[PDB]
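Report on the structure
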Amino acid sequence: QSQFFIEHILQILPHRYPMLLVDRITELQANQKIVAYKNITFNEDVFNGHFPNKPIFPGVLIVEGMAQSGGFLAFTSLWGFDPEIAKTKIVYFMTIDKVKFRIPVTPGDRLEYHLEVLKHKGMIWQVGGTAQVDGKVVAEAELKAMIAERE
Amino acid sequence: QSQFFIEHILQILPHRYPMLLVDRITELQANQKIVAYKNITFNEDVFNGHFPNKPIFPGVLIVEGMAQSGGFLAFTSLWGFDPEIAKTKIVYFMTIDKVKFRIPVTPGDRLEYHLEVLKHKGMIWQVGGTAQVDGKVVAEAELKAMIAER
Amino acid sequence: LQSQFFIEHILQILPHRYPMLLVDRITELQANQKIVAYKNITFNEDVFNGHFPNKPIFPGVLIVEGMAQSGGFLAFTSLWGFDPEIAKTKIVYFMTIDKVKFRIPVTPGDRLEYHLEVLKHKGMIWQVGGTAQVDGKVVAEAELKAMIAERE
Amino acid sequence: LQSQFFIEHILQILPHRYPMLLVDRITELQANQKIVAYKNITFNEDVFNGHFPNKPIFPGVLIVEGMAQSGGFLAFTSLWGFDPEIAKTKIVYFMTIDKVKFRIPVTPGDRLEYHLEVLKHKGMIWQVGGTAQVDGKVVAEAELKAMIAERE
Amino acid sequence: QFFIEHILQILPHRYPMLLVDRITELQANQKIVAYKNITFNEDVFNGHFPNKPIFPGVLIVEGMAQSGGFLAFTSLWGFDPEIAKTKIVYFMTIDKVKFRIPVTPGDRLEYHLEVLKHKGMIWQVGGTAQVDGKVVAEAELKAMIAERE
Amino acid sequence: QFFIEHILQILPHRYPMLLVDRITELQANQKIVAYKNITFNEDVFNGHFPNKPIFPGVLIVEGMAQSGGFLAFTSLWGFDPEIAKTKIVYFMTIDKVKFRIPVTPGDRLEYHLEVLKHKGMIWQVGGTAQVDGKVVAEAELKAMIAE
Ligand SMILES: O=c1c(O)c(-c2ccc(O)c(O)c2)oc2cc(O)cc(O)c12
Ligand SMILES: O=c1c(O)c(-c2ccc(O)c(O)c2)oc2cc(O)cc(O)c12
Ligand SMILES: [Cl-]
Ligand SMILES: [Cl-]
Ligand SMILES: [Cl-]
Ligand SMILES: [Cl-]
Ligand SMILES: [Cl-]
Ligand SMILES: [Cl-]
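Residues numbered from 1 in each chain as written, not as in the entry; some residues may be left out. Chains lettered and ligands numbered in written order. Heavy atoms only, no water.

As documented in the archive entry, the model was determined using X-ray crystallography at 2.400 Å resolution.

Written out as structure tokens, the structure reads:
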């Protein structure tokens, strides 16, 4: 498939509350690209601390959401849509590079992740791309993550 | 103003985390109507329990977000954008009627509140309308509130 | 089928969890007819952080929710008795809410008593109406229709 | 000096806030002698996520903490009456806890009643003792010595 | 030495009431040395207190209890997740509690408990909580180990 | 040393996004050594991951940025809570980050940051995060202080 909803995400990604930062996948090309998004609302606990009277979605959490998008792409490219294989996998950050934040992200924003596979070798996936709001680039990132069997 | 952001909503409504359920106001016509919305994301605490493995935005919180939008409309109709007067006012919701839920609301939805003034007599404000996702009606409700002093 | 049920039993019947399980105990239950339950109100609830600062008021919409959950417990047990194995495959959906009145604010230290009677029921669809009470006084009234559905 | 206090008044005297304000209402207060207060216990508390999964039990040490807070309220108001301005400059710090006994588990749906009495007081040092009760049954006992300290 | 993953398999306590992060020492029937890290990033500090974070004294005691229970359990049955699920460690009494120094974010809260006495399933433990070599609290505790249902 | 009370007077971050507990070394316009304790009793571990607590790599980086922020604030205006209270901090860039060892409950997460470059409100720092003398992460970042 090309479109996946929160139920599908919960079945593939190991991340849970308050660290599951992808809400919906709009397009997916195996081994190539993913487009997904997270809705940004005031009703998130991060906003209590970042910052009082000035809610700004943390830049590092944008990068995290981009990584989880790459991780969803990584897993399904490897095993397809298989929750039973998925439930015992974990995802580790290995590197982060060339990230630039251009526009602050705030409550009411639809934070759209666009990742493209730059290089992959087995469990090691290197993706790069942008986060977008209303068609504009708010962030750029390059990252490398590893899929690993939980032990 | 016509469009109000979270910064402005925080200065008018007393509601705070985890009970502020309006993120942005896109349309406002004094004494007539409001269009506002709240983004729905999995990263909300309510989804821990409603329900495990099946995230569905509570219907009662849709109604609550509709009430908050009605309240913002009422207050701004009376005083406009006035944070100082906002601190001295309470909007007490007295009744809720004719509410119907047609489509469930889930993480990834942009929950749009459409409310209009149905009746305004003195301190009493009667408002009603719909919640919409992607142009479709997901809920409807009528609500009555009283303006009072804090 | 007993008349009194405690949190451990409610937990095995209702699909609701923290922070949306708003019934603590069932005191009276009549299959297909009526239920009396309650939820204790304490300052130590996260909801009071934003409703409101320096003025804790239990949200009216959450009173309606608690009445629905009471109704749902009546619905499940009426249909299947105390059966955690069947209950576990189900969720509850709100269909309608009507005739709600908020008469008295609910605050920390209140014992929120839910009184619901069955107005109509057929299969999975249940219509209930009643009041929320604190120290024998009506704090709110509501009518609502809910449906029990497979979680698929 | 009143004998009944609600959450609004407790907030003005105690510095404790969420998730560590564990007294909801004061029912009796006699200066220098005693206090009867309570906290409602509900499933809708974060503490129950971890204590314990599938079996909600109110932590015994939190019962003690609530007894201490009731004791601290009694101590302060005995000396200054209901004085929010001065309360804001003072803090009750507990030095010792003794003879704690847990008799009955406290669960969601319980009204946890604190009964504290003054065993000894001289100036800022207050020694109190008593019980936590549910339905007139002693669920815990404790003795503690407190210190009315400067906040700065 | 036991790490968080081991602790989680023995104790039924979960967030926000698991208050032991690591066990550095354990001598069966004798003593335990364990610790909990204190960080500002804990929900307790929102209310205890605003503008002045202080780790609650009762939670220091809870951490000592949890340490004492871990000692008593592993003394009898060792590292056994299967049996752990069949047992309950409930605390009957606490006594001789003294708070000496306030515990704040940045502290490594170290629990030192010894077995004072035990007979059957009743275990009396006691000791101190320590930060950087100083006693911040002390307590005696009595537990009963029972069958879980 | 600067304690949490002092950290709160300078940094605008609050719970659950204040990820520095203590400042052990400060040298204006040069370097900072700080740390955060890692405990199981943090909300993030509920989702990262269930049954396997691992402190998020991105939050290691955030903790380093906040450490570098504290260095920036004080190098600019000294210990001045009055000025600090009007400001917030924006991430501008992140580069050359590598994670070596997972960070778990029980770890003392120590941040070492030196200034690479600064001009006005814009500060570029870089360094490492360490647990028990071992480098668990490297990073470079640029932040902006704003009214
Ligand atoms: O919706 C509102 C609301 O509920 C309350 C409120 C405040 C205190 C109470 O005790 C109470 O019952 C209600 O105040 C408001 C004030 C506004 O300026 C706008 C609102 O929309 C509300
Ligand atoms: O840990 C537990 C515990 O402390 C108590 C408890 C609490 C207060 C008391 O006064 C008491 O006698 C027992 O019950 C339990 C019941 C279980 O099924 C499992 C437990 O782990 C506990
Ligand atoms: Cl940021
Ligand atoms: Cl619903
Ligand atoms: Cl309300
Ligand atoms: Cl306990
Ligand atoms: Cl304390
Ligand atoms: Cl990571």
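Moving on from the model shown.
Focus on the UniProt feature "binding site: (R)-4'-phosphopantetheine" (unreviewed entry) in chain E
All names here are of chain E. Residues given the UniProt feature "binding site: (R)-4'-phosphopantetheine" (unreviewed entry) here are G57 and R100. A compact arrangement is adopted by the annotated residues: their sequence extent is 44 residues, whereas the largest C-alpha distance between any two is 9.9 Å. Along the chain, the position of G57 falls in helix α2 (residues 57-77). Residue placement: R100 occurs in the loop between β3 (87-99) and β4 (108-119). Not counting residues up to four positions away in its chain, the partners in contact with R100 are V135, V136 and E138. (UniProt positions renumbered as here; feature names shortened; annotations may be inferred. Helix = DSSP H or I, 4+ residues; strand = E, 2+ residues; numbered from the N terminus. Contact = heavy atoms within 4.5 Å.)

Structural notes on the site of ligand 2
Taken together, the residues surrounding ligand 2 are D:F52, D:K55, D:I57, D:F102, D:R103, D:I104, D:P105, E:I88, E:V89, E:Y90 and E:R148. Residues near ligand 2 are shared among chains D and E, making this a multi-chain site. Between ligand 2 and D:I104, the relevant distance is 3.4 Å, taken from an oxygen atom to a main-chain nitrogen or oxygen of the residue. In the environment of ligand 2, an oxygen atom lies 3.4 Å from a nitrogen or oxygen atom belonging to the backbone of D:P105. For ligand 2, whose unbound accessible area comes to 460 Å², protein coverage reaches 81%. Top element by residues in the shell around ligand 2 is β3(E). It accounts for three residues. Considering only residue class, the shell around ligand 2 consists of eight nonpolar, no polar and three charged. (Near = heavy atom within 4 Å. Polar contact = N/O pair within 3.5 Å; in protein donor to acceptor, adjacent residues only side chain to side chain. Areas by Shrake-Rupley, 256 points an atom, 1.4 Å probe, with all protein chains shown as cover. Nonpolar A, V, L, I, M, F, W, Y, C, P; charged D, E, K, R; others polar.)

A look at the pattern of salt bridges
Side-chain pairs of opposite charge can arise whenever the charged atoms involved come near each other. Inspection of every chain in the model, using the stated rule, returns 40 salt bridges over all chains. Close ionic contact of B:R110 with B:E112 constitutes a salt bridge, the shortest N to O distance being 3.0 Å. The partly exposed category is assigned to B:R110, whose relative accessible area is 35%. Note on B:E112: relative accessible area 18%, which makes it buried. Here D:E113 makes a salt bridge to D:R111, at a shortest N to O gap of 3.0 Å. Connected through salt bridges with shared partners, the residues F:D95, F:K96 and F:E140 form a single ionic network. (Salt bridge = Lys/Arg side-chain N within 4 Å of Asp/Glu carboxyl O. Buried < 20%, exposed > 50% of the residue type's maximum accessible area, 1.4 Å probe, protein only.)

What about the packing of aromatic side chains?
What describes a pair of aromatic rings is the distance from one ring centre to the other and the angle between the planes of the rings. Enumeration according to the criterion identifies 27 aromatic pairs over all chains in this entry. Their ring planes at 25 degrees and their centres at 5.9 Å tell us that A:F4 and A:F81 sit as a pair that is stacked. Of this pair, A:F4 sits in the segment before α1 (6-12) while A:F81 is found in the loop between α2 (59-79) and α3 (83-86), placing the two residues 77 residues apart along the sequence. Residue class for A:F4 comes out buried when judged on its relative accessible area of 6%. Judged by centre distance (5.2 Å) and plane angle (65 degrees), the rings of C:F5 and C:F73 are edge-to-face. Taken together, the positions of C:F5 in the segment before α1 (7-13) and C:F73 in helix α2 (residues 60-80) put the pair 68 residues apart, joining distant regions of the chain. (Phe/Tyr/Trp six-rings, centres within 6.5 Å; stacked < 30°, edge-to-face > 60°.)

Here we look at the environment of F:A84
Inspection of the secondary structure assignment puts F:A84 in helix α3 (residues 81-84). Once the C-alpha coordinates of F:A84 and F:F70 are considered, the two residues, 14 residues apart in sequence, prove to be 10.0 Å apart.

A closer look at the pairing of strand β2 (residues 33-39) of chain B
All names here are of chain B. Here β2 lies mainly inside the structure; six of its seven residues are buried. By the bridge criterion, five bridges tie strand β1 (residues 24-29) to β2 in an arrangement that is antiparallel. What sits directly across from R24, in β2, is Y37. Hairpin connection of β1 to β2: three residues between the antiparallel strands, including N31 at a positive phi of 65 degrees. The sheet contact formed by β2 and strand β4 (residues 110-121) spans seven bridges and is antiparallel. Bridging across to β4, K38 finds its partner in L111. (Pairing = 2+ DSSP bridges.)

Digging into the side chain of C:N40
Tracing the backbone through its elements, the reader meets C:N40 in strand β2 (residues 34-40). Within the structure, the side chain of C:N40 is placed 2.8 Å from the backbone oxygen of D:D110, a separation counted as a polar contact. The residues contacting C:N40, other than those within four sequence positions of it, are C:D24, C:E45, C:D110, C:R111, D:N40, D:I41, D:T42, D:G109, D:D110 and D:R111.

Observations regarding the UniProt feature "active site" (unreviewed entry) in chain E
The residues that UniProt annotates with the feature "active site" (unreviewed entry) are E:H48. Of note, E:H48 is situated in the loop between β2 (31-37) and α2. For E:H48, the contacting residues outside a window of four places in its chain are D:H16, D:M20, E:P53, E:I54, E:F55 and E:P56.

Overview of the site of ligand 1
Not every one of the 13 residues close to ligand 1 is listed here, only the nearest: B:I12, B:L13, B:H15, B:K89 and B:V91. The site occupied by ligand 1 is bordered by residues of chains B and C. B:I12 places a polar main-chain atom, nitrogen or oxygen, 3.1 Å from an oxygen atom of ligand 1. The separation between an oxygen atom of ligand 1 and a polar main-chain atom of B:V91 is 2.9 Å. Protein coverage of the free-state accessible area of ligand 1, which is 460 Å², stands at 89%. Partitioning the shell around ligand 1 into residue classes produces 10 nonpolar, two polar and one charged.

Describing the packing of helix α3 (residues 60-80) of chain D against α2(E)
Relative orientation of the contacting elements α3(D) and α2(E) amounts to 160 degrees, with a least axis distance of 9 Å. Taken as axis vectors, α3(D) and α2(E) run roughly antiparallel relative to one another. Where α3(D) crosses over α2(E), the two elements pack in a sense that is right-handed. Facing D:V61, D:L62, D:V64 and D:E65 of α3(D), the residues of α2(E) in contact are E:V58, E:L59, E:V61 and E:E62. In terms of residue class, the contact of α3(D) with α2(E) is built from six nonpolar, no polar and two charged. (Axes fitted to C-alpha atoms, helices over the stretch in contact; angles between N-to-C directions. Parallel < 35°, antiparallel > 145°, perpendicular 65-115°, else oblique. Left-handed = near helix turned anticlockwise from the far one by under 90°.)

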